[PDB]
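Same protein, same chain, two forms; see structure 1 and structure 2 below, as C-alpha cells.
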Structure 1
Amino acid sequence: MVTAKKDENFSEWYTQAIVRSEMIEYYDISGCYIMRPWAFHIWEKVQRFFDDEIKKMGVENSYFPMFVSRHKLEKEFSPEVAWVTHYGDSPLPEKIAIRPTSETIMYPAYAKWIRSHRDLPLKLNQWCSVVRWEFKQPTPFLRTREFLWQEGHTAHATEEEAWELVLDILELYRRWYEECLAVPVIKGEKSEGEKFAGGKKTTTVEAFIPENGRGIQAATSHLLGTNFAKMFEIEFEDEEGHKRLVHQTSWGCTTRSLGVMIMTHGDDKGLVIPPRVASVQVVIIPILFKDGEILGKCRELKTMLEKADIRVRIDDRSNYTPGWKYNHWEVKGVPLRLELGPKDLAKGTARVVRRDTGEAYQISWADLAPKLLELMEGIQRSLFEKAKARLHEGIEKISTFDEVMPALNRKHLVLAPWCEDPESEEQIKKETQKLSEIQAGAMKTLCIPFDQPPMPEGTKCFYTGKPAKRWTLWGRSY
C-alpha cells in the first residue's frame, strides 16, 4: 500500500512505488540497487525490442572485456573511474579499470580488423554493465553507479552513411520510449557545451519530469566523425587505394528508461505499466469466501486469452485474500484486473477494471479477447497522450531572459531563441545557479530540437542580444 502522494513529496512517492511494487531492493554499496524480477522483466522487453531492431540493420552483438589497462584508458570522467588494484592480498603489477564506457577497449581492435573498404560498414553492439562513481546524488534507475546498457559502435566509409545510422538509431530510441514505454521524447542536437567532446555531433532524445521540472537525457547517438579514427589509427583503403580514416558512431541507452516510465505513468496507488511491456497484462482473481467451480473457468479464460497472445496470470494463491490481490497487482501496475466470483459465474460475464483510470466493465466470456485487446491499446495510447500533453504544457515558449526564473519556478522547461555561442551557456548556467541560490538549481541546454519553430527575421538571442540562430530547449536537469 502506497501513502505518499505523487504530487506532494515526489522522491518519497518514487521510493515507495519502486519498493512496494517489488521492483527495487536497497543495497549497502551506495549508488547500487538490486533489480527484482518485476523490474527486470520490463528491461527484458525493451532489450528484446531494441535488439531485434538493430539486428535488422545488420548490427551484431559481441562482448568485450570489462577491464581496461591503465595506459590504454589514460591516453588523450577521470574521477568516476573504478580501479581494481588487488587479487586476494596480492597487488597487481599495474592497476586495471572497470569499464566506464568501451571506446578504449573496442577501438584498438577496430584499427586492427578494418583494412579495406570491404570491411565496412563494421557494426557492433554490446549489452553490459558499466561502472561510474557518480558524484551526483544517486537515484534508482536514473543514476546508479553500476547500470546496465547497450553501447553500439560503428565504422563507415563516409560521413553520409554514418549520419544516416545516427538518425536511424535515434529513431529506435524514440520507439523504445514512445512505442514501448509510452513516454514522449523530443529529438534534438546537443549544444557544443553538452555534447560528447569525443564527437562531431551528438543527437539526443529528451524527456521531462513534471513533478520536479527536470529534463533528463533519455538516450544518445553521436556522429563521431574521424577524430577517433586518427587517434586509434582506424583507416582503410578505398576503391582507388588511398588510405582514409573511417567515420564512426556510438550510441547508448540504459536502465534509466525504466525509471522514466515509472515516473511518467505512476500515480498515487503506485505503478502503472504500459501493456506493451507489462510482464502480466491481465491478472485473473477468483473471488473465494466462505466456501471450486470457478477455478475451472479461470483456466479456460487464460487459455482463451493466450490464443490472442495476451499475457495472463491467474492469482489463485489460497494464502491471500482477494482484496489483498487487488491491492498487490494494483501497486504493481498490472494494466487489467479481471475478477470472478459466484455471481459472475452464472452470468457468463466478467468484471474487468483497468489500472490507469479505474474504470470497470462487465464483459461476456465471448467478448474478452477482442475487448481486452481493444482496452489494452486504449490504455497504451492513452498513457502516451496524457504524458505528451503533460510534456507540452510543461514547456514555455519565450523571448527574453526575464521570462526564465518564473518559468523555472513553475517547474517548466523553456524554449528560447539562442545564438549558440559557447560563453552564453556557461553564463546562463551560473546566473541561474545564483538566482536559484539567493531565492532560498542551474538551467542548462537540454537540446536544440529537430523540429524548429519558424525564426523571424531580426529575432534576437534571448540572453546575449546577438542575433538568434535557432530555438533551443532549456531547463533544470538530471
Structure 2
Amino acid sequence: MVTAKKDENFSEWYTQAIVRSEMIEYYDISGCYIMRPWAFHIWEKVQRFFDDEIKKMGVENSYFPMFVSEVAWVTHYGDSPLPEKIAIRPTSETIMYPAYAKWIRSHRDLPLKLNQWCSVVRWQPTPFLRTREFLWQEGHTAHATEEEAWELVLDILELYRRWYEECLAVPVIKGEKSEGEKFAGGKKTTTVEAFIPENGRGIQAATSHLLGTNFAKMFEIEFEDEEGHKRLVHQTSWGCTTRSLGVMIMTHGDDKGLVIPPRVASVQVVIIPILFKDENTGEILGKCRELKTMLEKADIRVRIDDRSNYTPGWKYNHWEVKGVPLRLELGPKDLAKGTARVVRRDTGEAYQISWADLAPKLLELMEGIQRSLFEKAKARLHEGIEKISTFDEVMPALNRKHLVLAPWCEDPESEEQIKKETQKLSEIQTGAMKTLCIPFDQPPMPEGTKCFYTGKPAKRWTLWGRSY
C-alpha cells in the first residue's frame, strides 16, 4: 500500500510507488538498481514497438564489445596487473566509427543503418530518471547526403514522439536544442521534452542528432560518389533510455500508486475469482478460465489471480498498486447473473458487463483509458507553460512550478547568463532555468519583438524551465 501523497511529498511518493509495486530493488552501489519484471516487461513493450518501427525503416541490429583500447579503466585482473590497461566503452563512437570507415567504400554501401539494445554505465541518483546504469537503444546511420540524413533524424524523432505519446501516453514537445545544449561534436540536435507538474521540471525524453561530417572527417568515413568522386558521409545518432519509464510513472501515477497505459500494460485485465464458502468455488474458477480464453482471442492480455493464499481484498490493492488498468471481479452473484464486474484503474468507475459483451466492452474501455490518460496529461502540460515577454515575468512563473515560452535572440552567452541569474535569484527567495528546446511548433514572431533577456531582436520562441 502507498501512503505518501503525490502532491505533498513527491520524491517520497515516487519511491513508494516503484518500490511497493515491485518494479525495483535497491542495491549497494549508488545509482544502480535491480530492475524487476514489473518494470522490465513494460520496457519490453516499448522496445518491441520501437524495434519493429526501425526495422520497417531498414535499420538492423548488431552488438559491439564493451571493451576498447572520460574513461573507466580495468587495470588489474585479480592481483596481477594488465600488460595494457583496458577501457570499458565510454561511448560507442570509438568502436563503431572505425568500423564504419572500413565498411564504407562506395555509394553502394549507403545508407548504413545500425542500432544496439544494451545497458550502459555513467559516473546524485534517482531510479529510472538518473542512474549510473540503464538500458537504452542507440542507432547510428551514415548517408550520402545531408537531406537524407536529416530526414532520418526527424523520422526517428517522430518514432520517439510515438513511443511516448502513443505507447506511454505521455505528451512530449518536439524541438531543437540550443548551441549550449546540443551535442558538441554534432551539427544539430533535435529532442523531445516532457514535463513533471509536481515539481515543475522539464526533462529531456529522447534525442536525435544530425552529426554532419566532422566525425566522418575524423574517422575518414568516406565513399565513392556516383561519378567516382571521394565524398564524406553524413551521419546521425539517436537514443532513448529507460528514463521513459520514469516519466510514465510520474505522469500517470496517483495516490493509490502506479497507473499503466493499456497499450504498454503487461497485464491489461486481472481476473479475480471471489471465494466466500466452498460450495461454489469450482464453477467460479472454471468460468474465469473460460473468460480468459475468450478475452485472449481478442488480443487482450489477462492474468487470473487465483492464488488461494491471498484474500480478494488483498488482490485488489495489489493489482491497483501495480497499475493494472482493469480489474474484473467474478463472485457467486456475478456467476448466477451471467455477468462480470469491472473496475477501471484511472477513475475507479465500475461497470456490470455481461459475458458476451465483454471483449468489445473491454477493448473499448482500454482505448478510453489510454486516450483519457494522454489528454489529461496533455492538458496539464499546457497548463504548465506560460507564454511571456519580459524577464521579470520569469521568476513568478518558475514559482508557479511552470515552464516559460519566451522570445530569445539565441545568443549562447545569454543562456549561461540566464542560468546563473535564475539560480542566484532562486537562492535569495538546483534552481537554474535553462533552454529545454526551441519547439518545431513556433507561434508567430511579430516584427520587432525583442528577446526577453537582452532586448536584442528575438529570433525564435524558446521553451525554458527548471530541469532534471
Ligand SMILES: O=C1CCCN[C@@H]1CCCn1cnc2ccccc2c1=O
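Along the sequence of structure 1, residues get numbers from 1 upward. Take the two forms, find the largest set of C-alpha atoms that superpose within 1.5 Å, and that set is the rigid core.
Only structure 1 is derived from the form solved in complex with the named molecule. Only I96, out of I96, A369, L345, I363, shows a C-alpha shift of 2 Å or more between structure 1 and structure 2 on alignment of the rigid core.
In the core-aligned comparison between structure 1 and structure 2, the Cα atom of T85 sits 1.8 Å away from its counterpart. When the core is overlaid, the C-alpha of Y33 ends up 0.6 Å from its other position between structure 1 and structure 2.
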